[PDB]
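We begin with a single chain expressed as structure tokens, specifically the form deposited in one PDB entry.
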């Protein structure tokens, strides 16, 4: 019998990275491309229409002409791999692969797009060197909204101001400002807690 397998049914890819999702099917010896058909679909869009040797670029949807392709070299291994480049949030969802090869079967695959706050840009502004008054800043992009937790070197917790906007856009820009009098050699921490957490360390200079 002919069974399409998705040994990996859940993909968690990071925003902006490349994605390659796979469907396995039985190939007992030399693959015959003339008897092979491969469909890749998402929602109501056709991504790959690989029929009898060649991709039909006419049926395939316009949003994927340049982003998506089927790794042909893999097919001889009984592996139908769809590659999509620079993944966005609207690439998350359900994909269907249909393999026909002397028998037909299809499977579904879930793709999750993760946009974490793990690139934290920090700023240390000296407002008043007399009183050692500083204005610390932590900023990051990610989805969804997140809150920022400021902690001292004794992991005390302090209050700061936080602003959240939108931008790549439909992503969230989160920036927090902490005004505080310090002690050089002191270490502060900004922690981005998303709705786990990533923390940037801010060392006050001499």
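For the two forms, the rigid core is made up of the largest set of C-alpha atoms that agree within 1.5 Å on superposition. Positions refer to the first chain, counted from 1.
In this entry, no coordinate-free residues of the deposited sequence separate residue 159 from residue 160. Here the stretch with the larger average CA B-factor, out of 132-140 and 108-116, is 132-140.
Of the two segments examined, 117-125 and 93-101, it is 117-125 that shows the higher average Cα temperature factor in the deposited entry. In the PDB entry, residue 22 places in the lowest third of its chain by CA B-factor. Among the modelled residues of its chain, residue 55 has a C-alpha B-factor that falls in the highest third according to the deposited record. When the CA B factors of the chain's modelled residues are split into thirds, the value for residue 171 lands in the highest one. When all modelled residues of the chain are sorted by CA temperature factor, residue 45 is found within the lowest third.
Per the PDB record, residue ranking by Cα B-factor puts residue 196 in the highest third of the chain.
Below, we turn to the form deposited in another entry, even though it does not appear here.
Once both forms are fitted on their core, the CA shift for residue 22 between the shown form and the other one remains under 2 Å. Comparing the forms between the shown form and the other one, the C-alpha position of residue 98 differs by less than 2 angstroms, with the core used for superposition.
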